[PDB]
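The chain below stands alone and is given as structure tokens, in the form deposited in one PDB entry.
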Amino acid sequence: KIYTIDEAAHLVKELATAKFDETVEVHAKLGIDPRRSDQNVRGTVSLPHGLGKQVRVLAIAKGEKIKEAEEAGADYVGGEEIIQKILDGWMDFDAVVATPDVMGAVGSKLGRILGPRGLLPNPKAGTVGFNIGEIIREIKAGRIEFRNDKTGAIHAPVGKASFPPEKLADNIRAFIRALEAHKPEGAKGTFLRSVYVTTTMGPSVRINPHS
């Protein structure tokens, strides 16, 4: 059965039965061919009501920007010298941001470590930039990545199940819209083949993405 977003938002209350505050997910089977590089969906979006989770942000910057990342609220901040701390297996954070001037050292020394974990700072994921305080403030306000897997599916967290239905409904549209804004011009056919709403431990519920 196909539910509306407003319907699905309200059902999270009932789907969420684990003994913790479950994250609310959105999944979509995408209308692309993920083989071809030009059909890749990748980008970020500021959820209008936040993730509702605290995100330990590390910032590796240079010069004044180290002060900027500090004041933007990044949990740990340092120069190229915290590379050697991750080289020793520190790795206690959720997201790495970085200014372009350090990405030469960061890439070559931590690419092989941060890369496979989707933690490498990357322009395409909104994690590299001299606007490093806006990146941190955008993350801390609940910006999320989304990047199709090779199977052509795509997934994103869009809230906690403790949120009011109407706020979850908002976050779901916002992410749905941001998907459609990254619909590759080469992608033929229906873009959002299917779209489901679920919680971490809970069952799925297919939704009407234009509702």
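Residue indices: 1-based, along the sequence shown. Take the two forms, find the largest set of C-alpha atoms that superpose within 1.5 Å, and that set is the rigid core.
Chemist: If you take the mean CA temperature factor per stretch, which one wins between 174 to 182 and 62 to 70?
Modeler: Looking at the record's C-alpha B-factors, the answer is 62 to 70.
Chemist: Quick check on the record: does 95 to 103 or 81 to 89 carry the larger mean Cα temperature factor?
Modeler: Between 81 to 89 and 95 to 103, it is 81 to 89.
Chemist: Which listed residue, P157, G152, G142, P164, has the largest C-alpha temperature factor in the record?
Modeler: In the PDB entry, the greatest C-alpha B-factor among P157, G152, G142, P164 is found at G142.
Chemist: So where's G43 on the chain's Cα temperature factor ranking, which third?
Modeler: CA B-factor rank for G43: lowest third.
Chemist: Against its chain's modelled residues, does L51's Cα B factor rank lowest, middle or highest third?
Modeler: Tercile = middle for this residue's CA B-factor.
Chemist: Name the third of the chain's ranked CA B-factors that contains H10, choosing lowest, middle or highest.
Modeler: It falls in the bottom third of the chain.
Chemist: Per the entry's values, where does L30 land by CA temperature factor relative to the rest of its chain, in the lowest, middle or highest third?
Modeler: For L30, the deposited C-alpha B-factor lands in the lowest third.
Chemist: Could you say whether, by C-alpha temperature factor, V57 belongs to the lowest, middle or highest third of its chain?
Modeler: Answer is highest: the recorded C-alpha B-factor places it there.
Quick note: we don't show the form deposited in another entry, though the next part is all about it.
Chemist: By the 2 angstroms cut-off, has the C-alpha of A141 moved between this form and the one not shown once the rigid core is superposed?
Modeler: False for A141: its C-alpha shift is below 2 Å.
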